file work-v9.pdb (PDB, C-alpha atoms and all ligand atoms)
ATOM      1  CA  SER A   1     -13.087 203.049-118.396
ATOM      2  CA  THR A   2     -15.251 206.069-117.581
ATOM      3  CA  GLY A   3     -18.594 206.756-115.937
ATOM      4  CA  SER A   4     -21.030 209.658-116.164
ATOM      5  CA  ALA A   5     -24.102 210.128-113.919
ATOM      6  CA  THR A   6     -26.584 212.946-113.517
ATOM      7  CA  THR A   7     -26.951 214.444-110.032
ATOM      8  CA  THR A   8     -30.276 216.073-109.092
ATOM      9  CA  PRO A   9     -31.114 218.520-106.257
ATOM     10  CA  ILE A  10     -33.333 216.888-103.606
ATOM     11  CA  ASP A  11     -35.462 220.045-103.149
ATOM     12  CA  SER A  12     -36.049 223.615-104.338
ATOM     13  CA  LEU A  13     -33.157 224.961-102.210
ATOM     14  CA  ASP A  14     -30.398 222.604-103.494
ATOM     15  CA  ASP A  15     -30.004 221.301 -99.977
ATOM     16  CA  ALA A  16     -28.238 218.218-101.350
ATOM     17  CA  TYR A  17     -27.911 216.311-104.599
ATOM     18  CA  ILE A  18     -28.723 212.674-105.320
ATOM     19  CA  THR A  19     -27.147 210.428-107.917
ATOM     20  CA  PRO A  20     -28.488 206.994-108.893
ATOM     21  CA  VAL A  21     -26.181 204.083-108.065
ATOM     22  CA  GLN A  22     -26.645 200.425-109.042
ATOM     23  CA  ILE A  23     -25.791 197.927-106.302
ATOM     24  CA  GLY A  24     -25.908 194.153-106.574
ATOM     25  CA  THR A  25     -27.106 191.577-109.089
ATOM     26  CA  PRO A  26     -29.741 192.067-110.359
ATOM     27  CA  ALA A  27     -29.171 195.822-109.880
ATOM     28  CA  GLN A  28     -30.824 197.589-107.001
ATOM     29  CA  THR A  29     -30.816 201.340-107.787
ATOM     30  CA  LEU A  30     -30.441 203.638-104.783
ATOM     31  CA  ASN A  31     -30.172 207.433-104.856
ATOM     32  CA  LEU A  32     -27.008 208.376-102.970
ATOM     33  CA  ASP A  33     -25.552 211.667-101.791
ATOM     34  CA  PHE A  34     -22.034 211.850-103.264
ATOM     35  CA  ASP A  35     -19.916 213.381-100.516
ATOM     36  CA  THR A  36     -16.327 214.575-101.175
ATOM     37  CA  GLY A  37     -16.088 215.241 -97.431
ATOM     38  CA  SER A  38     -16.386 211.604 -96.261
ATOM     39  CA  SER A  39     -15.175 208.164 -97.241
ATOM     40  CA  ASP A  40     -17.953 205.639 -96.490
ATOM     41  CA  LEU A  41     -20.437 204.237 -99.004
ATOM     42  CA  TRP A  42     -23.390 203.380 -96.768
ATOM     43  CA  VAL A  43     -27.007 202.616 -97.550
ATOM     44  CA  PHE A  44     -30.393 202.191 -96.021
ATOM     45  CA  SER A  45     -30.922 198.462 -96.050
ATOM     46  CA  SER A  46     -33.098 195.467 -95.083
ATOM     47  CA  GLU A  47     -31.074 195.593 -91.802
ATOM     48  CA  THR A  48     -32.020 199.195 -90.937
ATOM     49  CA  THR A  49     -34.214 199.485 -87.768
ATOM     50  CA  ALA A  50     -37.734 199.638 -89.265
ATOM     51  CA  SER A  51     -38.776 202.734 -87.234
ATOM     52  CA  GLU A  52     -35.765 204.626 -88.756
ATOM     53  CA  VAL A  53     -36.873 204.048 -92.373
ATOM     54  CA  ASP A  54     -39.470 206.484 -93.806
ATOM     55  CA  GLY A  55     -39.724 206.332 -97.593
ATOM     56  CA  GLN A  56     -36.081 205.504 -98.520
ATOM     57  CA  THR A  57     -35.276 202.772-101.028
ATOM     58  CA  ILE A  58     -33.328 200.000 -99.250
ATOM     59  CA  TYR A  59     -30.558 197.692-100.328
ATOM     60  CA  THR A  60     -31.398 194.006 -99.600
ATOM     61  CA  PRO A  61     -28.179 191.986 -99.775
ATOM     62  CA  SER A  62     -30.057 188.668 -99.581
ATOM     63  CA  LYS A  63     -31.556 189.477-103.033
ATOM     64  CA  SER A  64     -28.127 190.085-104.632
ATOM     65  CA  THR A  65     -26.324 187.073-106.060
ATOM     66  CA  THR A  66     -22.983 188.974-105.797
ATOM     67  CA  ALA A  67     -23.370 190.200-102.181
ATOM     68  CA  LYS A  68     -21.052 188.686 -99.546
ATOM     69  CA  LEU A  69     -20.926 189.540 -95.853
ATOM     70  CA  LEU A  70     -17.581 191.112 -94.952
ATOM     71  CA  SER A  71     -17.386 188.988 -91.833
ATOM     72  CA  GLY A  72     -16.712 190.843 -88.588
ATOM     73  CA  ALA A  73     -16.590 194.290 -90.190
ATOM     74  CA  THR A  74     -18.573 197.159 -88.651
ATOM     75  CA  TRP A  75     -18.766 200.875 -89.273
ATOM     76  CA  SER A  76     -19.934 203.970 -87.458
ATOM     77  CA  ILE A  77     -19.780 207.564 -88.645
ATOM     78  CA  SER A  78     -20.636 211.022 -87.330
ATOM     79  CA  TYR A  79     -20.918 214.019 -89.658
ATOM     80  CA  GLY A  80     -20.242 217.755 -89.131
ATOM     81  CA  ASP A  81     -24.028 218.428 -88.788
ATOM     82  CA  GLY A  82     -24.400 215.999 -85.810
ATOM     83  CA  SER A  83     -25.987 213.201 -87.890
ATOM     84  CA  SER A  84     -24.759 209.615 -87.688
ATOM     85  CA  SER A  85     -25.210 206.064 -88.884
ATOM     86  CA  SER A  86     -23.690 202.647 -88.230
ATOM     87  CA  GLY A  87     -23.952 199.013 -89.185
ATOM     88  CA  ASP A  88     -22.243 196.053 -90.842
ATOM     89  CA  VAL A  89     -20.631 195.549 -94.252
ATOM     90  CA  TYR A  90     -21.152 193.570 -97.455
ATOM     91  CA  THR A  91     -19.033 193.515-100.567
ATOM     92  CA  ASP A  92     -20.974 193.781-103.824
ATOM     93  CA  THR A  93     -20.821 195.101-107.383
ATOM     94  CA  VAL A  94     -21.452 198.863-107.552
ATOM     95  CA  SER A  95     -21.940 200.846-110.767
ATOM     96  CA  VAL A  96     -22.115 204.611-111.225
ATOM     97  CA  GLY A  97     -23.006 206.012-114.620
ATOM     98  CA  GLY A  98     -21.808 202.871-116.406
ATOM     99  CA  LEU A  99     -18.536 202.483-114.402
ATOM    100  CA  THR A 100     -18.495 199.227-112.430
ATOM    101  CA  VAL A 101     -16.461 198.221-109.370
ATOM    102  CA  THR A 102     -16.532 194.671-108.137
ATOM    103  CA  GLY A 103     -15.899 193.905-104.482
ATOM    104  CA  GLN A 104     -16.918 197.412-103.263
ATOM    105  CA  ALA A 105     -17.583 197.703 -99.531
ATOM    106  CA  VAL A 106     -21.290 198.554 -99.167
ATOM    107  CA  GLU A 107     -21.887 199.591 -95.554
ATOM    108  CA  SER A 108     -25.396 198.468 -94.547
ATOM    109  CA  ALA A 109     -27.017 200.696 -91.920
ATOM    110  CA  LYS A 110     -28.507 199.079 -88.838
ATOM    111  CA  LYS A 111     -29.102 202.536 -87.273
ATOM    112  CA  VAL A 112     -29.406 206.046 -88.709
ATOM    113  CA  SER A 113     -30.010 209.347 -86.884
ATOM    114  CA  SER A 114     -33.223 211.332 -87.197
ATOM    115  CA  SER A 115     -31.982 213.718 -89.957
ATOM    116  CA  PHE A 116     -31.455 210.671 -92.267
ATOM    117  CA  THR A 117     -34.853 209.091 -91.445
ATOM    118  CA  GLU A 118     -36.590 212.449 -92.063
ATOM    119  CA  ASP A 119     -34.988 212.842 -95.545
ATOM    120  CA  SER A 120     -36.900 210.305 -97.690
ATOM    121  CA  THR A 121     -35.002 211.388-100.854
ATOM    122  CA  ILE A 122     -31.508 210.193 -99.720
ATOM    123  CA  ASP A 123     -30.947 206.426 -99.660
ATOM    124  CA  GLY A 124     -27.360 206.697 -98.377
ATOM    125  CA  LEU A 125     -24.005 208.343 -99.009
ATOM    126  CA  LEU A 126     -21.159 207.628-101.390
ATOM    127  CA  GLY A 127     -17.952 209.035 -99.950
ATOM    128  CA  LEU A 128     -15.323 210.536-102.263
ATOM    129  CA  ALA A 129     -12.765 211.869 -99.760
ATOM    130  CA  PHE A 130      -9.551 209.907 -99.166
ATOM    131  CA  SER A 131      -9.858 206.294 -97.998
ATOM    132  CA  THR A 132      -7.855 207.127 -94.806
ATOM    133  CA  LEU A 133     -11.187 208.484 -93.404
ATOM    134  CA  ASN A 134     -13.176 205.290 -94.037
ATOM    135  CA  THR A 135     -14.684 204.080 -90.745
ATOM    136  CA  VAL A 136     -14.838 200.296 -91.362
ATOM    137  CA  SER A 137     -13.212 198.285 -88.549
ATOM    138  CA  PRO A 138     -11.096 196.250 -88.161
ATOM    139  CA  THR A 139     -10.129 196.399 -91.849
ATOM    140  CA  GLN A 140     -10.476 199.882 -93.368
ATOM    141  CA  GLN A 141     -12.113 199.893 -96.808
ATOM    142  CA  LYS A 142     -11.549 201.855-100.009
ATOM    143  CA  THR A 143     -13.860 204.380-101.609
ATOM    144  CA  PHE A 144     -15.607 203.686-104.909
ATOM    145  CA  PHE A 145     -13.139 206.148-106.546
ATOM    146  CA  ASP A 146     -10.086 204.524-105.036
ATOM    147  CA  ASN A 147     -11.296 201.059-106.186
ATOM    148  CA  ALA A 148     -12.119 202.390-109.707
ATOM    149  CA  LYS A 149      -8.964 204.458-110.110
ATOM    150  CA  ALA A 150      -6.605 201.975-111.772
ATOM    151  CA  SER A 151      -9.343 201.096-114.394
ATOM    152  CA  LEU A 152     -10.123 204.741-115.269
ATOM    153  CA  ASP A 153      -8.801 206.428-118.407
ATOM    154  CA  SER A 154      -7.491 209.271-116.128
ATOM    155  CA  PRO A 155      -7.420 209.090-112.276
ATOM    156  CA  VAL A 156      -9.971 211.905-111.821
ATOM    157  CA  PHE A 157     -13.594 212.637-111.154
ATOM    158  CA  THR A 158     -15.417 215.902-111.750
ATOM    159  CA  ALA A 159     -18.313 217.631-110.002
ATOM    160  CA  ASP A 160     -20.555 219.873-112.051
ATOM    161  CA  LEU A 161     -23.401 220.776-109.707
ATOM    162  CA  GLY A 162     -26.398 222.739-110.941
ATOM    163  CA  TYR A 163     -28.086 225.797-109.449
ATOM    164  CA  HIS A 164     -31.707 224.751-109.070
ATOM    165  CA  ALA A 165     -31.013 222.218-111.848
ATOM    166  CA  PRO A 166     -29.418 218.816-112.419
ATOM    167  CA  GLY A 167     -25.686 218.465-112.968
ATOM    168  CA  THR A 168     -23.133 215.743-113.528
ATOM    169  CA  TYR A 169     -20.497 213.598-111.841
ATOM    170  CA  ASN A 170     -17.979 212.179-114.302
ATOM    171  CA  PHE A 171     -15.330 209.554-113.536
ATOM    172  CA  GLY A 172     -12.171 209.052-115.567
ATOM    173  CA  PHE A 173     -12.351 211.993-117.969
ATOM    174  CA  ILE A 174     -12.662 215.791-118.283
ATOM    175  CA  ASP A 175     -15.549 216.986-120.337
ATOM    176  CA  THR A 176     -13.986 219.972-122.126
ATOM    177  CA  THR A 177     -17.525 221.072-123.228
ATOM    178  CA  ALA A 178     -18.742 221.455-119.621
ATOM    179  CA  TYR A 179     -16.739 224.613-118.699
ATOM    180  CA  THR A 180     -15.595 227.928-120.136
ATOM    181  CA  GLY A 181     -12.007 229.217-120.257
ATOM    182  CA  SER A 182      -9.293 227.154-118.636
ATOM    183  CA  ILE A 183      -9.079 224.978-115.516
ATOM    184  CA  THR A 184      -6.859 226.378-112.736
ATOM    185  CA  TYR A 185      -5.290 223.635-110.633
ATOM    186  CA  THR A 186      -4.265 224.121-106.990
ATOM    187  CA  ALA A 187      -2.429 221.990-104.452
ATOM    188  CA  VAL A 188      -4.189 219.576-102.120
ATOM    189  CA  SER A 189      -3.174 218.417 -98.657
ATOM    190  CA  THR A 190      -4.425 214.935 -97.795
ATOM    191  CA  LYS A 191      -3.177 215.211 -94.186
ATOM    192  CA  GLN A 192      -6.742 215.351 -92.710
ATOM    193  CA  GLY A 193      -8.195 212.973 -95.394
ATOM    194  CA  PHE A 194     -10.042 215.748 -97.220
ATOM    195  CA  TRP A 195      -9.689 217.556-100.541
ATOM    196  CA  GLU A 196      -8.044 220.415 -98.603
ATOM    197  CA  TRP A 197      -6.730 223.405-100.517
ATOM    198  CA  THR A 198      -5.956 227.113-100.039
ATOM    199  CA  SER A 199      -7.994 229.816-101.692
ATOM    200  CA  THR A 200      -6.082 232.989-102.567
ATOM    201  CA  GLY A 201      -8.757 235.443-101.358
ATOM    202  CA  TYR A 202     -12.172 236.882-101.894
ATOM    203  CA  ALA A 203     -14.264 239.805-103.021
ATOM    204  CA  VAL A 204     -17.796 240.919-102.059
ATOM    205  CA  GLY A 205     -19.932 242.091-104.962
ATOM    206  CA  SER A 206     -18.119 244.613-107.138
ATOM    207  CA  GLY A 207     -15.591 245.291-104.323
ATOM    208  CA  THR A 208     -11.854 244.994-104.524
ATOM    209  CA  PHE A 209     -10.327 241.554-104.205
ATOM    210  CA  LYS A 210      -8.673 240.857-100.836
ATOM    211  CA  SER A 211      -5.570 238.665-101.205
ATOM    212  CA  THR A 212      -5.559 236.328 -98.197
ATOM    213  CA  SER A 213      -4.952 232.570 -97.760
ATOM    214  CA  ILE A 214      -8.084 230.608 -96.789
ATOM    215  CA  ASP A 215      -7.456 226.916 -96.145
ATOM    216  CA  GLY A 216     -10.586 224.804 -96.566
ATOM    217  CA  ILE A 217     -12.087 221.651 -98.029
ATOM    218  CA  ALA A 218     -14.048 221.008-101.207
ATOM    219  CA  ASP A 219     -17.118 219.225 -99.803
ATOM    220  CA  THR A 220     -20.050 218.269-102.050
ATOM    221  CA  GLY A 221     -21.865 216.854 -99.013
ATOM    222  CA  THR A 222     -22.122 220.262 -97.280
ATOM    223  CA  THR A 223     -24.841 222.625 -98.498
ATOM    224  CA  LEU A 224     -23.374 226.015 -97.584
ATOM    225  CA  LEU A 225     -20.102 227.986 -97.782
ATOM    226  CA  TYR A 226     -18.443 228.213 -94.338
ATOM    227  CA  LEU A 227     -15.632 230.785 -94.093
ATOM    228  CA  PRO A 228     -13.818 232.719 -91.375
ATOM    229  CA  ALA A 229     -15.915 235.142 -89.374
ATOM    230  CA  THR A 230     -13.995 238.158 -90.738
ATOM    231  CA  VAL A 231     -14.856 237.197 -94.349
ATOM    232  CA  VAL A 232     -18.480 236.384 -93.557
ATOM    233  CA  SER A 233     -19.005 239.648 -91.632
ATOM    234  CA  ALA A 234     -17.562 241.589 -94.589
ATOM    235  CA  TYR A 235     -20.086 239.876 -96.902
ATOM    236  CA  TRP A 236     -23.198 240.384 -94.812
ATOM    237  CA  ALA A 237     -22.264 244.001 -93.962
ATOM    238  CA  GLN A 238     -23.175 244.717 -97.629
ATOM    239  CA  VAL A 239     -26.786 243.518 -97.111
ATOM    240  CA  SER A 240     -29.103 246.014 -95.342
ATOM    241  CA  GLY A 241     -30.707 244.432 -92.324
ATOM    242  CA  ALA A 242     -28.562 241.252 -92.322
ATOM    243  CA  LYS A 243     -27.520 239.987 -88.914
ATOM    244  CA  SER A 244     -26.235 236.926 -87.156
ATOM    245  CA  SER A 245     -29.058 235.265 -85.165
ATOM    246  CA  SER A 246     -28.059 232.917 -82.306
ATOM    247  CA  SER A 247     -31.755 231.805 -82.175
ATOM    248  CA  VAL A 248     -31.783 230.777 -85.873
ATOM    249  CA  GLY A 249     -28.143 229.567 -85.954
ATOM    250  CA  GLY A 250     -26.427 231.936 -88.380
ATOM    251  CA  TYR A 251     -26.749 234.941 -90.603
ATOM    252  CA  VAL A 252     -30.232 235.905 -91.784
ATOM    253  CA  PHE A 253     -31.275 238.698 -94.077
ATOM    254  CA  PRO A 254     -34.504 240.380 -95.183
ATOM    255  CA  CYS A 255     -36.233 238.360 -97.864
ATOM    256  CA  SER A 256     -36.696 241.689 -99.720
ATOM    257  CA  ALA A 257     -32.886 242.020-100.245
ATOM    258  CA  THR A 258     -30.931 241.612-103.430
ATOM    259  CA  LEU A 259     -27.732 239.759-102.449
ATOM    260  CA  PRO A 260     -24.284 240.653-103.775
ATOM    261  CA  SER A 261     -22.100 238.083-105.461
ATOM    262  CA  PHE A 262     -19.130 236.510-103.682
ATOM    263  CA  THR A 263     -15.839 235.817-105.458
ATOM    264  CA  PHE A 264     -13.199 233.336-104.265
ATOM    265  CA  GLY A 265      -9.668 232.960-105.592
ATOM    266  CA  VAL A 266      -8.094 229.841-107.075
ATOM    267  CA  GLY A 267      -4.492 230.800-107.706
ATOM    268  CA  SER A 268      -4.735 233.859-110.011
ATOM    269  CA  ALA A 269      -8.201 232.771-111.184
ATOM    270  CA  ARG A 270     -11.544 233.872-109.724
ATOM    271  CA  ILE A 271     -14.829 231.963-109.278
ATOM    272  CA  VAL A 272     -17.895 234.180-108.896
ATOM    273  CA  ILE A 273     -20.864 232.919-106.857
ATOM    274  CA  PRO A 274     -23.948 234.900-107.984
ATOM    275  CA  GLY A 275     -25.958 236.507-105.205
ATOM    276  CA  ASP A 276     -28.929 234.337-105.989
ATOM    277  CA  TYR A 277     -26.919 231.215-105.009
ATOM    278  CA  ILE A 278     -26.533 232.625-101.463
ATOM    279  CA  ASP A 279     -30.333 232.834-100.819
ATOM    280  CA  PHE A 280     -31.636 229.812 -98.842
ATOM    281  CA  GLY A 281     -35.131 231.262 -98.453
ATOM    282  CA  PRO A 282     -37.384 231.825 -95.452
ATOM    283  CA  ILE A 283     -36.142 230.521 -92.099
ATOM    284  CA  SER A 284     -39.599 229.021 -91.517
ATOM    285  CA  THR A 285     -42.457 228.786 -93.839
ATOM    286  CA  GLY A 286     -43.898 232.239 -94.658
ATOM    287  CA  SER A 287     -41.210 234.206 -92.747
ATOM    288  CA  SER A 288     -39.770 237.408 -94.163
ATOM    289  CA  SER A 289     -36.373 236.470 -92.631
ATOM    290  CA  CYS A 290     -34.240 234.477 -95.070
ATOM    291  CA  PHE A 291     -31.283 232.208 -94.307
ATOM    292  CA  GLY A 292     -27.872 233.028 -95.751
ATOM    293  CA  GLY A 293     -25.772 230.676 -97.809
ATOM    294  CA  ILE A 294     -22.469 232.016 -96.514
ATOM    295  CA  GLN A 295     -21.956 231.267 -92.799
ATOM    296  CA  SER A 296     -19.108 231.421 -90.309
ATOM    297  CA  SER A 297     -16.857 228.421 -89.853
ATOM    298  CA  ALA A 298     -15.964 229.524 -86.305
ATOM    299  CA  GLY A 299     -16.440 226.511 -83.979
ATOM    300  CA  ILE A 300     -16.416 224.026 -86.909
ATOM    301  CA  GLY A 301     -12.580 224.006 -86.912
ATOM    302  CA  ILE A 302     -12.341 224.047 -90.780
ATOM    303  CA  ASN A 303     -13.503 226.211 -93.660
ATOM    304  CA  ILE A 304     -15.856 224.369 -96.046
ATOM    305  CA  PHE A 305     -16.345 225.116 -99.723
ATOM    306  CA  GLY A 306     -19.744 223.368 -99.885
ATOM    307  CA  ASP A 307     -22.300 223.260-102.642
ATOM    308  CA  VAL A 308     -22.919 227.047-102.674
ATOM    309  CA  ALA A 309     -19.332 227.519-103.848
ATOM    310  CA  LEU A 310     -18.827 224.326-105.856
ATOM    311  CA  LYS A 311     -21.950 224.710-107.977
ATOM    312  CA  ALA A 312     -20.510 228.007-109.337
ATOM    313  CA  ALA A 313     -17.643 226.003-110.893
ATOM    314  CA  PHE A 314     -16.636 222.937-112.837
ATOM    315  CA  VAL A 315     -14.478 221.133-110.252
ATOM    316  CA  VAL A 316     -11.806 218.521-110.994
ATOM    317  CA  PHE A 317     -10.833 216.119-108.221
ATOM    318  CA  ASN A 318      -7.459 214.878-109.487
ATOM    319  CA  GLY A 319      -6.511 211.643-107.724
ATOM    320  CA  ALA A 320      -3.121 211.209-109.359
ATOM    321  CA  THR A 321      -0.127 210.305-107.195
ATOM    322  CA  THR A 322       0.098 214.000-106.215
ATOM    323  CA  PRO A 323      -3.600 214.990-105.861
ATOM    324  CA  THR A 324      -4.762 218.415-106.968
ATOM    325  CA  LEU A 325      -8.063 220.302-107.374
ATOM    326  CA  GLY A 326      -9.052 222.153-110.510
ATOM    327  CA  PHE A 327     -11.658 224.904-110.873
ATOM    328  CA  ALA A 328     -13.120 226.406-114.015
ATOM    329  CA  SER A 329     -15.956 228.854-114.622
ATOM    330  CA  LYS A 330     -18.961 227.516-116.506
TER     331      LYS A 330
HETATM  332 NA    NA A 401     -31.208 224.754 -92.239
END
call {"tool": "encode", "arguments": {"input": "work-v9.pdb", "output": "structure tokens", "more": "lines below"}}
Ligand code: NA
result
Amino acid sequence: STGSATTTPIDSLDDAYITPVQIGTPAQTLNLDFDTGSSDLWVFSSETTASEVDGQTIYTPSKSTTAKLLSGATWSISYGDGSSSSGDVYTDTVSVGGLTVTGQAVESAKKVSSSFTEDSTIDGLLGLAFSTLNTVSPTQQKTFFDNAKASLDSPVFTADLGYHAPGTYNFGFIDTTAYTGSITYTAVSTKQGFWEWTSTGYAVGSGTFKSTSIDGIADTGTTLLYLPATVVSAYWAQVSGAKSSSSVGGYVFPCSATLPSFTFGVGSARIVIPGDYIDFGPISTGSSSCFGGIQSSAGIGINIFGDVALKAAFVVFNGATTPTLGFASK
């Protein structure tokens, strides 16, 4: 089997991407944030505290003929941005892009933090990191990918995120029309439960490439590119008037600037992030200070290749017995 679903930016900045997911019988379609940095599929639901729901579409298990309470199971998760959610668990039928899993754990939120309530466009998350990170207790649950894997034509999924445009998540196949050149594969460590890999270095604009190992994770659920402070300083030093602002919470730059590209290494291959991708616009409405898309990972404890980096590439998440990541230009 295969599946193929379009993923759409939630706003004009590509802050996140939503993908429609069918849950239950008859189908209830919810728009989920597919997150390669976490391992829970959780949804706004009929159980979510009413004051914490503001425009989201909810899953109502009582209206699904295939829903069953997973008795005694609970979940609770905290993300890198300080947001959180928790609740109880149902099993149900879940389909993505025509690929169906029966018996998927659907984590029903009883509580969500303010950042979720305030984002009316995201109805929940679909985690695509390794199932070792799943938070369901006392019986840990599998991701949608892990449950689909054995049925797929190839044990893979691909992320093809758009810049200010829709893109695609495919399950079970490589679309050889979706990228240019060849795919460069690189080793993955699953020790922390992430799609963790080592970049071979970077370049700023037309500058020389610096060969240096950068360990980090491929995380579709993180907006920005978080890299070591040395690398980030070297980037922003090429933008007149850029500075790190403790008041704003990272590097800002004059909205009048033209940003340089940023290149990262994948083995001997190179992925180029155009400068435009690194512009996250005014820090507050009407400001002439703009927020940068490359930020320091210092204090986060891991480097994160978030959407800014991933949307410059066609990315293969190879879930074979020895997992690997692939990157191609597009
Ligand atoms: Na922000």
call {"tool": "residues_around", "arguments": {"input": "work-v9.pdb", "residues": "stretch 62-71 of chain A", "least_positions_apart": "5", "cutoff": "7 Å", "atoms": "only C-alpha atoms", "output": "compact mmCIF listing (two decimals) with C-alpha atoms, keeping the file's coordinate frame"}}
result
# COMPACT_ATOMS: atom_id res chain seq x y z
CA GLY A 24 -25.91 194.15 -106.57
CA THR A 25 -27.11 191.58 -109.09
CA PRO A 26 -29.74 192.07 -110.36
CA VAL A 89 -20.63 195.55 -94.25
CA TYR A 90 -21.15 193.57 -97.46
CA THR A 91 -19.03 193.52 -100.57
CA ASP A 92 -20.97 193.78 -103.82
CA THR A 93 -20.82 195.10 -107.38
call {"tool": "closest_residue", "arguments": {"input": "work-v9.pdb", "among": "A:105, A:23, A:204, A:255", "to": "residue A:238", "atoms": "only C-alpha atoms"}}
result
A:204
call {"tool": "resolve_selection", "arguments": {"input": "work-v9.pdb", "expression": "the PyMOL selection byres (((chain A and resi 58) around 7) and not hetatm)", "output": "compact mmCIF listing (two decimals) with C-alpha atoms, in the frame of the given file"}}
result
# COMPACT_ATOMS: atom_id res chain seq x y z
CA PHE A 44 -30.39 202.19 -96.02
CA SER A 45 -30.92 198.46 -96.05
CA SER A 46 -33.10 195.47 -95.08
CA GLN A 56 -36.08 205.50 -98.52
CA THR A 57 -35.28 202.77 -101.03
CA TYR A 59 -30.56 197.69 -100.33
CA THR A 60 -31.40 194.01 -99.60
CA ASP A 123 -30.95 206.43 -99.66
call {"tool": "residues_around", "arguments": {"input": "work-v9.pdb", "residues": "stretch 220-223 of chain A", "least_positions_apart": "3", "cutoff": "6 Å", "atoms": "only C-alpha atoms", "output": "VMD selection string"}}
result
chain A and resid 15 35 to 36 306 to 307
call {"tool": "residues_around", "arguments": {"input": "work-v9.pdb", "residues": "residue A:72", "least_positions_apart": "4", "cutoff": "10 Å", "atoms": "all atoms listed in the file", "output": "short mmCIF file (atom, residue, chain, number, x, y, z; two decimals) with C-alpha atoms, in the frame of the given file"}}
result
data_model
loop_
_atom_site.label_atom_id
_atom_site.label_comp_id
_atom_site.auth_asym_id
_atom_site.auth_seq_id
_atom_site.Cartn_x
_atom_site.Cartn_y
_atom_site.Cartn_z
CA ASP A 88 -22.24 196.05 -90.84
CA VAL A 89 -20.63 195.55 -94.25
CA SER A 137 -13.21 198.28 -88.55
CA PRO A 138 -11.10 196.25 -88.16
CA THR A 139 -10.13 196.40 -91.85
#
call {"tool": "resolve_selection", "arguments": {"input": "work-v9.pdb", "expression": "the PyMOL selection byres (((not hetatm)) within 9 of (chain A and resi 401))", "output": "list in words"}}
result
residues 15, 248, 249, 280, 283 and 291 of chain A
